[PDB]
Amino acid sequence: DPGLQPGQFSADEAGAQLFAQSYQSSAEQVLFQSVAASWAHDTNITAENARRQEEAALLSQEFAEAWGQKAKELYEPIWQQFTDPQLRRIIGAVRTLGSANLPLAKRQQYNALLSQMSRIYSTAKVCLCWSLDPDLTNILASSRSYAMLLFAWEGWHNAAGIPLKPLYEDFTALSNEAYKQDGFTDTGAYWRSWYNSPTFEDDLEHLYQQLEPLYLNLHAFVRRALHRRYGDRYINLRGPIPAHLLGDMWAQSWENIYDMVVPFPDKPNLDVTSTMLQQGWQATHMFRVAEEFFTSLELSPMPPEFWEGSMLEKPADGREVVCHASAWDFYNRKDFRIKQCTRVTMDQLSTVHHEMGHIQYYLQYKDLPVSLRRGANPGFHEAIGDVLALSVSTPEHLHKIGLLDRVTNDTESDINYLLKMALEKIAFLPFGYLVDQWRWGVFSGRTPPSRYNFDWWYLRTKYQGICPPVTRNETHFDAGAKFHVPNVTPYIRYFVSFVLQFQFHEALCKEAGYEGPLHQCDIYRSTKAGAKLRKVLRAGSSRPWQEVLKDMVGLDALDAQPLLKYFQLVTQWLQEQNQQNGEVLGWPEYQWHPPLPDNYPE
Amino acid sequence: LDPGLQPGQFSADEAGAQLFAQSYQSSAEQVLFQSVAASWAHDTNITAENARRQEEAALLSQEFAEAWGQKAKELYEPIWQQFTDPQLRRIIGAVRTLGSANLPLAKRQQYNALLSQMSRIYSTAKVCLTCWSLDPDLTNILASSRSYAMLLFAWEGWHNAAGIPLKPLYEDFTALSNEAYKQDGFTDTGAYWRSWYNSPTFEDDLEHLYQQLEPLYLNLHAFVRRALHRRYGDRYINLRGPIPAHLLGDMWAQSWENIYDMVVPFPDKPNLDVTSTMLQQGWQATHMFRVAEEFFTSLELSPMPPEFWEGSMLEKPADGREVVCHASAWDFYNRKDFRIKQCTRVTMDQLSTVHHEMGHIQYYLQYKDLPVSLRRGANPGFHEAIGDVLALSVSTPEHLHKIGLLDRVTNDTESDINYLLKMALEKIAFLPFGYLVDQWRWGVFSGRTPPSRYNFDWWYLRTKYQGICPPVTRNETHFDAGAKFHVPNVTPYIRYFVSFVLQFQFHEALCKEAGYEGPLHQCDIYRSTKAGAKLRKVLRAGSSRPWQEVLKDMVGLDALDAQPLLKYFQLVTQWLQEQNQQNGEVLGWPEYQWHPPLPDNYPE
Ligand SMILES: *[C@@H]1O[C@H](CO[C@@H]2O[C@@H](C)[C@@H](O)[C@@H](O)[C@@H]2O)[C@@H](O[C@@H]2O[C@H](CO)[C@@H](O[C@@H]3O[C@H](CO)[C@@H](O)[C@H](O)[C@@H]3O)[C@H](O)[C@H]2NC(C)=O)[C@H](O)[C@H]1NC(C)=O
Ligand SMILES: C[C@H](N[C@H](C(=O)O)[C@@H]1CCCN1C(=O)[C@@H](N)CCC(=O)O)C(=O)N1CCC[C@H]1C(=O)O
Ligand SMILES: C[C@H](N[C@H](C(=O)O)[C@@H]1CCCN1C(=O)[C@@H](N)CCC(=O)O)C(=O)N1CCC[C@H]1C(=O)O
Ligand SMILES: *[C@@H]1O[C@H](CO)[C@@H](O[C@@H]2O[C@H](CO)[C@@H](O)[C@H](O)[C@H]2NC(C)=O)[C@H](O)[C@H]1NC(C)=O
Ligand SMILES: *[C@@H]1O[C@H](CO[C@@H]2O[C@@H](C)[C@@H](O)[C@@H](O)[C@@H]2O)[C@@H](O)[C@H](O)[C@H]1NC(C)=O
Ligand SMILES: *[C@@H]1O[C@H](CO)[C@@H](O)[C@H](O)[C@H]1NC(C)=O
Ligand SMILES: *[C@@H]1O[C@H](CO)[C@@H](O)[C@H](O)[C@H]1NC(C)=O
Ligand SMILES: [Cl-]
Ligand SMILES: [Cl-]
Ligand SMILES: [Zn+2]
Ligand SMILES: [Zn+2]
C-alpha cells in the first residue's frame, strides 16, 4: 500500500522526529492486521487460517523492509548521536529488519515453518486419545502411579518432539540468516540485545549462583519425599529425580506434588483447589476476581471488548485450539484479549493473574507510539501479574475471598506456606535459566542437530537434577515438546521475572505502608502501591529498564536479595531438615536412570 | 635467598632493564638448575626424601621469582611495554609474572606439597589382583589384549586407582593456582595458559580448525566402530552409539595405532607395523635413540652431547626403584646437561615417542645460548611439533625400508591407503582428545565446572568430541580426568592439538625446501641439509620473536592452517567416506546415552 510506504524526510534530528511519528502511524494498521490473523488461527487451527496468517506475515515484512531501508538511507550516518534518547531507542529499533532481511522465497518458507511447528505442537495427541491440555496436564498433576505418569510423559515427548525436529533445524538456519544482516552474530544475540546490558550473561550467572543453594535444598527435600512414595527402585537418593514425577510435564514447577511433601501435614490445606470446585467457581469467576484485584489498586478494569472477544474456556465444538494461555494486544488501543483453556484450580487462578498482568500493561501504554508498546524489558511484562498473584496466594487474602478458613499465624503455617511457594517459584528457576541456554547454543552453532537432545539433557541434568525416565537418543527432540520452542517465544524473560517479581513485591509492600514479614504482605486495596505500579506500566519501553527499575525499587539492577528475604525462613528450615535425614545435596550419581516398570507398557 | 642470588639496583629505564636482565640471567640459571636437578632426582627415584628436597628447591625458586619479580615491578611497571628492544620486553614480561610466587609462604608450601603428592599418586598407582603398573603392564594390556574383560579390568582398575585419590588434591590445587594467577591480573589460571599464544581470537581460531577436521574424525570413527563390531559383537558395540573407551588400544583412547591389525583395509600388502620386526631383529632402547639421533645429524642438526648419553634414563630401572615412567625431555638450564627420561619399550610407537622427545632436546640444544627467559618454543605447540615432523618422514614405508625395518617396497593405491589409515589412527584419532582436555580444564579454572561436576563434564566432553563412553558406570566419586598424566602433573594440553595441526604445515614446508616433488605423504626429508637449515632457523629463535612471524618465515603463512593436514590425508579421507557410505554407516553416535553391559561374572 502507497499510504503505508514511507515519506520523504531530511537527515537530522528534527527530520527524524517527524519520521518516527510517520512510522508509528502506519505500523499501527500493519501490526493490527498481523495480530488479527494469528488470533483467527490460534482459536481455530486450519489450513485456511494458516494461509491468512502467512499473508499477514508477508505484509509485515514488506512494511519493515520499506521503513528500515528508509531509516538506513536517512539516519544510518547520524542516529547514535541524537541528544534525545527516546528517539535513539525508536530509530535503532526501526533499522533492525529481522526476517525482513530475507529474500522473498525464504521469507515465505520461514512464515510456513512457524505455522507447521505451531500446528504439530498444539494438535499432538497420546493414544492407546489424550491431548496435552487438559488430559495429560491433569494426569501429570494428580496421578501417583509411576507407570501412568511414565506413559503420559513418554507419549507426549514422543508425539510432539519427534516430528518437530526436521522443521526446527530449517527454522534455525533461516532465522540466523535473517538476523546476521542486522549485524548480529546470530538470533540469540538479537534476543539478548533486548536487555541492553553488556554483562547480561555474566549477570544472570551471578544471579543463578546465589539462588542455586535454595534449589539444591528444595530438590533434596522433595527427592526424599518421592523416595518415601516410590521406593529405592525408582528414586536414587544420590541421583537425578525421574523427570515425570514432579507434577508437571516439564518438571518446571512442582506445586502439584505439595500434598506429598507438605512439612506439617494436618494443618489447613493451603491448596484451595478442592474448595474452588466445592463452591462452583468457573472460568468467568476467576477472571472477575483477578480484575477486581486490579481495580482495587485503581488500575483499569478490563474493557467490554475484552469480555466480548476473549476465549476463556476450551471450545466444546470439536475445534483445535492453541491451549497454551496467552494475552493479545491488537495495536488498536481498543482490542485486548486472553485465550486460555481455563481449568478450575489454584494454579490456573495464578495463570489468570499472570495473563491479566499482560493485559493491564497493554491498557496502560495503549496511547504510545507502537514501538514503545512493549515492556521496559520482556521480563517486566512477565512479572506484572505474578506480583499481584503473590498477594493473592497469601493465606490471609485467600481467607478474604472465602477460599480458606483463617489460619493461625504460627511458625508451622509459615513454613507450610513458604514451602508451597518454593515448589512454584524456586523449583522453576533452573528451568527458567536453562531453556535459553539450550537455544542460545543452537542459534550459535555450538549445538548442531546431531546434539540437540544430548545438550538438552546435559542442561536438564546440570541445572534441574532430573533425568529422562526412558532412554532417549537423537531421534527424540525433547526441547520441541515445550510450547515456547516450536512457538519461537524466548524464555530467559521468565527467569528474569521470577527474580524481578520479588523486587517489585518488596517495593510495592513498602509503598503500601505494610510492615510485617515480606511473605505475608497483601497489597490489595493499596492505591499507593497501585500508583507506583501504574508509573511502570505507562512508561512502556520509552525509557531504559534500568532507570524504570531504579525509580520503582531504588536499585538499577536485577537482584536476588528480595527473593532470598521472602523465602529466608523456609530456606533456613529446609537446610536443617536435609542434614537430619543426612541428605546428599546434588546428584553425584549423574549417570543414573530409573529402570522401566514391569512389562511396560501393558 | 642467597645474597649473590638477590637483585641489586638498576635505573628506572630501558638501559637499567638490560643490565637487570643480564644480572637475572646469571642467577636464574643457577636457580633453574637446582630446581630441575631436584625434580630429576625425584622423578627417577621417587622417595619421601627426594620429594622433600624437590619441595625445598621449588620454594627457593619462588623466593627468587618473587624478589626479581617485585623488583621488575618496582622499576619498570609501566615503561616495560614501551621498550624499544622486543626481546627485552619479552624477558621483562616473563620476569614480572610471579605465578605461585604471589602466594604467601604457607600457601606456597601447600601448593608445592600438592604438586608433589599429585605427582606421586599418579606415578605410583597400581592395579591389584601382585600388582600391575601403568607402564609397562597396563599399557601392554590396552595395546594387545583383545579380551573385552581383561581390557575392562585394566581400564577400570587404572581410572579408579589414579583418579579417585587425586580428586580432593586437585580441588585444592585449582583454588591456589587461581589465587596465584589472579594477582598477576589473569581472570583464572586457564587465561594465563592461553596468553602464551598471544592471540585474542585463540579459542575461536581453534574452534574453526576443529570444524574442518571433525568430518575426517567422524568417518575414521565409524569405520573403526564397524571393525570392532565384527570382532566384539552386537552386545558390546553399538553401530549407532559411542565406542567403549577401553577398546581403542590406549588407556585414554587417544590414539588408535594399536588396533591397526584389526582395521587394516588391505592385509595382503606389506605389514606397516614393524614392531614384530624390531623384536625379531633384537632392537633395544639404545638402538632406538641412536637411530633417532642419526636422523637429526643427517639434517646437519646437532648430535646428542656426551652428557645426554651419560645422564639419561632410557629404560625402566630393574634395580627395584619407583620412577615416573611418562616420557619427558629435560633442560637443566646450564647449557650443558640435557636428558631424556623414558621407560622405553621396543615398539614402533615408542620409536615415534623417542623422536618426539629428541625433538625437545634438539630445540634446547639450538637455543641454549639465548637468555634463560627466551629458552622456550615460539609457542608451546612448536616445541611439541619438532620431533613429530621428523617422525612423519621416519614412518614412511620407503624410510623404514632404508633402516632395515621393511623388506618389501610397494607403491600402489592399496599400500597407500594402508599407510594413510595407519597414520590417521595415530594423528586424526588424537585430534578430539587433544582439543577436549583443556576445554575441560579451562572450565574447571574458570569455575564453570565445580568439583560436583568434574566427572560429569569430563564425560560430556569425551562423548561430544571423541564419541566414546565409559565401559562401567561412573559417578562423581570418580575423577577420570585425573587418570591422565598431564592433569595431576599440571602440564597444559592444548599445545598437542596445536602441534598435530602445525606438524603438517612444517612437513609440507620442509618437503618443499628438500626439493621433494611427489605426494606429501611419501616425502622423507632424511639427509636433506636444506630442510635441516630451515628447521634450524626455527629452533634457534626460541621465544625471542612472535610465533606468527617465525611461522610465516618458515611456511609462508602467519597462522595455524588445517590445509596441509587435509592435503596429506586426502586419499584416505575420500576412501573412508566412500567405504562408510557403501556400508550404510551412521556417522556420529546418535544413541548418545548408550553404554555397554558388564561381562557375565566380571571380574571373577
Ligand atoms: C609412487 O608413485 C607416485 C605416482 O607416480 C606417477 O603415477 C603412477 C601411476 C605412474 O604412472 C608413475 O610412473 C608416475 O610417476 C609417484 O608420484 C609422482 O612422482 C613424480 C616424480 O617425482 C611426480 O612428478 C613430478 O611432478 C612435478 C609437478 O608436480 C614436476 O615438476 C616434476 O618434474 C615431476 O614430473 C608426480 O607428480 C607424482 N604424482 C603424484 C600423484 O603426485 C611417487 O613419487 C612414487 N612414490 C615413491 C615413494 O616412489
Ligand atoms: C502461560 C504463559 N503463556 C505465555 C505468557 O503469558 O508468557 C504466552 C505464550 C508465549 C507468549 N505468551 C503471551 O501472553 C505474550 N503476549 C506475552 C508477551 C507480550 O505480551 O509482549 C507461560 O508460558 N508461562 C507462565 C510463567 C511460566 C511460563 C511457562 O508456562 O512456561
Ligand atoms: C610423551 C609426551 N610426554 C611429554 C612431552 O614430551 O610432551 C612430557 C611430559 C609432559 C611435558 N613433557 C616434556 O617432556 C616437557 N619437558 C616438554 C616441553 C618443554 O620442555 O618445553 C606426551 O605426553 N605426549 C606426546 C604427544 C601426546 C602427549 C601424550 O602422550 O598425551
Ligand atoms: C504474624 O506474626 C508476626 C510475628 O512474628 C508478625 O510480625 C510482626 O508484625 C508487627 C506488626 O506489623 C511488626 O511491628 C513486627 O516487626 C513483625 N515482626 C517480625 C519479627 O516479623 C506478623 O505481622 C503477624 N501478622 C499476621 C498476618 O497475623
Ligand atoms: C532411538 O530410540 C528409538 C525408540 O526406542 C526406544 O529407545 C531405544 C534406544 C531402546 O533402548 C528402547 O528404550 C526403545 O526401543 C529407537 O526406535 C531408535 O532405533 C533409536 N535409535 C535411533 C538412531 O533413532
Ligand atoms: C634414591 O634416593 C635415595 C634418597 O632418597 C638415595 O639414598 C638412593 O641412593 C637413590 N638411589 C639411586 C640409585 O639413585
Ligand atoms: C559411585 O560408585 C561407587 C562404586 O561403583 C560406589 O561405591 C559409590 O557409592 C558411588 N559414589 C557415590 C558418591 O555415590
Ligand atoms: Cl526475552
Ligand atoms: Cl599450551
Ligand atoms: Zn506471560
Ligand atoms: Zn612433548
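Note that chain A is numbered according to Swiss-Prot, with residues 31-158, 165-638 shown in order.
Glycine is no exception: its Cβ is also placed from the backbone N, Cα and C atoms.
Database features, via Swiss-Prot:
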ACT_SITE  A:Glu391  active site, proton acceptor 1
ACT_SITE  A:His520  active site, proton donor 1
BINDING   A:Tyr231, A:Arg529  chloride 1 binding site
BINDING   A:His390, A:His394, A:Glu418  Zn(2+) 1 binding site
DISULFID  A:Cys157-A:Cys165  disulfide bond
DISULFID  A:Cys359-A:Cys377  disulfide bond
DISULFID  A:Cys545-A:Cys557  disulfide bond
CARBOHYD  A:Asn74  N-linked glycosylation site
CARBOHYD  A:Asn445  N-linked glycosylation site
CARBOHYD  A:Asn509  N-linked glycosylation site
SITE      A:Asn523  site 'Not glycosylated'
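Sequence features annotated in Swiss-Prot and their locations in the structure.
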residue	record	Cβ contacts under 8 Å, 6 or more apart
A:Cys157	disulfide bond	A:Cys165, A:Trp166, A:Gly191
A:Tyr231	chloride 1 binding site	A:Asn413, A:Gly415, A:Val532, A:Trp581
A:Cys359	disulfide bond	A:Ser152, A:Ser167, A:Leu168, A:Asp169, A:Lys350, A:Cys377
A:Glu391	active site, proton acceptor 1	A:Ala361, A:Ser362, A:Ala363, A:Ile374, A:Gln376, A:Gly421
A:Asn445	N-linked glycosylation site	A:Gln556
A:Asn523	site 'Not glycosylated'	A:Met147, A:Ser148, A:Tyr151, A:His360
A:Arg529	chloride 1 binding site	A:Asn413, A:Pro414, A:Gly415, A:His417, A:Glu418
A:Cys545	disulfide bond	A:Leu554, A:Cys557, A:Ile559, A:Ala565
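Within 10 Å of A:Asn74 (N-linked glycosylation site), counting C-alpha to C-alpha distances, fall none of the recorded positions A:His390, A:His394, A:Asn509, A:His520. Counted within 10 Å of its Cβ, the other Cβ atoms near A:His394 (Zn(2+) 1 binding site) come to 21, all protein chains included. You'll find the Cα of A:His390 (Zn(2+) 1 binding site) roughly 16 Å from the Cα of the residue listed as 'active site, proton donor 1'. Highest Cβ count within 10 Å among the recorded positions A:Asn74, A:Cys377, A:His520: A:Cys377. Here the Cα atom of A:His394 (Zn(2+) 1 binding site) is found 38 Å from that of A:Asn509 (N-linked glycosylation site). A:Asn509 (N-linked glycosylation site) sits 22 Å from the residue listed as 'active site, proton donor 1', taking the CA atoms of both as reference points.
Calculated from the flanking Cα atoms, the unmodelled 6-residue segment between A:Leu158 and A:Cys165 spans 7 Å. Filtering the recorded positions A:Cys157, A:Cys165, A:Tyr231, A:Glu418, A:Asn509, A:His520 for a Cβ under 8 angstroms from any Cβ of chain B leaves A:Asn509, in order along the sequence. Take the mean position of the Cβ atoms of A:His390, A:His394, A:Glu418, the recorded Zn(2+) 1 site; other residues of that chain with a Cβ within 8 Å of it are A:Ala363, A:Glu391, A:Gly393, A:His417, A:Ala419, A:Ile420, A:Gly421, A:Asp422, A:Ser533. For the recorded site, A:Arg529 (chloride 1 binding site), the DSSP three-state label reads helix. For A:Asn509 (N-linked glycosylation site), the Cβ neighbour count at a 10 Å cut-off comes to 15, with all displayed protein chains included. Only A:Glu418, in sequence order, out of the recorded positions A:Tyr231, A:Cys359, A:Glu391, A:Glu418, A:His520, A:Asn523 have a CB under 6 Å from ligand 10. Checking the recorded positions A:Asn74, A:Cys165, A:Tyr231, A:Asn445, A:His520, A:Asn523 for a CB within less than 6 Å of any atom of ligand 4 leaves A:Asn445, listed in sequence order. Using a 10 Å radius centred on the Cβ of A:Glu418 (Zn(2+) 1 binding site) and all shown protein chains, the other Cβ atoms total 23. The Cβ of A:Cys557 (disulfide bond) has 24 other Cβ atoms within 10 Å, all protein chains considered. Listed recorded positions: A:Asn74, A:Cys377, A:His390, A:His394, A:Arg529. Those with a CB atom under 6 Å from ligand 2: A:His390, A:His394.
Ligand 8 lies within reach of A:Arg529 from the recorded positions A:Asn74, A:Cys157, A:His390, A:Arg529, judged by a C-beta closer than 6 angstroms to any of its atoms. In the three-state DSSP scheme, A:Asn509 (N-linked glycosylation site) is classed as coil. Cβ-based crowding with a 10 Å cutoff singles out A:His390 as the top-ranked of the recorded positions A:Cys165, A:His390.
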